[PDB]
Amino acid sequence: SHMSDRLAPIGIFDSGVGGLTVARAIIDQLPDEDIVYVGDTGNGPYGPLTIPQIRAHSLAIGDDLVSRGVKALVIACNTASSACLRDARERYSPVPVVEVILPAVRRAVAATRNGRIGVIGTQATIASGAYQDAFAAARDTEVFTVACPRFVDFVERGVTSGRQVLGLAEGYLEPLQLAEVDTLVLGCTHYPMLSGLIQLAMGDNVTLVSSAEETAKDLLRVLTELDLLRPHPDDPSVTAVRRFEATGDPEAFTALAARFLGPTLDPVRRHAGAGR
């Protein structure tokens, strides 16, 4: 029924742990929604892969989530979305698909002043033509794209300021500076963690657009116009059920998740057993 639709969880999937930037932004906007997040740590990263390989891995997860019963499917990974942008809507219909490319593209079109827009992302994302095709539907805009393959490594290791990563960013970004873009889509789950460094390299006249923020807001809009929001609980002891799944080692998932989740705030020892 439509009521049972409102009660289903939101499915989110990503190539791995970086998609938690999208999950965290969604939870910020939609605290009442139940969440199932799947990170494909056992088969990623997707960045360096071919389109057939990316589709095989990511559509297996999306098919599974939809088979399990989600009210909406969020493709949090820019690389996975780039590989199935043209067919995921029909593949999962009538389940709404919210993904990370189009909300940022739409925002960037509205946000540019000079009509010259840059996109950065993984190799597979940029090579796929997905952003290029999406921006083709925008009058009076020109798009320029750059792949930044080493950014994911730097983010996961926690090196997101200082001279070394600035030099790396400068090398990648120079063609966008030469093209005089005034808007830059952060087309990768990991790049919100580099926004300060990228802003330093691009200067103050370049508007950065976060995939996580625009997708989180887009999901709220989509659920609102479909009347699919989970009703706010009257009992304040009721809180959302959020489940996190890894296809690789869960301990490695946990260790890397601290890069993307909020900090833990700053514990008696006891021997556990059934003998007392």
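Residue indices: 1-based, along the sequence shown.
Participant: Going by the PDB record, how many residues of the deposited sequence fall between residue 266 and residue 267 without any coordinates: none, 1 to 3, 4 to 9, or 10 or more?
Facilitator: Count of unmodelled residues in between: 1 to 3.
Participant: Looking at the deposited entry, does 11 to 19 or 248 to 256 carry the larger mean Cα B-factor?
Facilitator: The recorded data point to 248 to 256.
Participant: Please compare 122 to 130 with 87 to 95 and say which has the higher mean C-alpha temperature factor in the record.
Facilitator: Higher mean C-alpha B-factor: 87 to 95.
Participant: Identify, among 186, 194, 110, 178, the residue whose C-alpha carries the highest B-factor in the deposited PDB entry.
Facilitator: That would be 178, according to the entry.
Participant: Quiz for you: based on the deposited Cα B-factor, which of 53, 211, 207, 29 is highest?
Facilitator: So the option with the highest C-alpha B-factor is 53.
Participant: Within this chain's modelled residues, let me know which third the CA B factor of residue 172 belongs to: lowest, middle or highest.
Facilitator: Answer is lowest: the recorded C-alpha B-factor places it there.
Participant: Using the B-factors in the PDB entry, rank residue 156's C-alpha atom against the chain and give the third, lowest, middle or highest.
Facilitator: For residue 156, the deposited C-alpha B-factor lands in the middle third.
Participant: Split into thirds by Cα B-factor across the chain's modelled residues, where does residue 66 land: lowest, middle or highest?
Facilitator: Within its chain, residue 66 is a middle-third residue by C-alpha B-factor, going by the deposited values.
Participant: C-alpha B factor of residue 106, ranked within the chain: lowest, middle or highest third?
Facilitator: Its C-alpha B-factor belongs to the lowest third of this chain's values.
Participant: Please say which third, lowest, middle or highest, residue 221 falls into when its CA temperature factor is compared across its chain.
Facilitator: Answer is lowest: the recorded C-alpha B-factor places it there.
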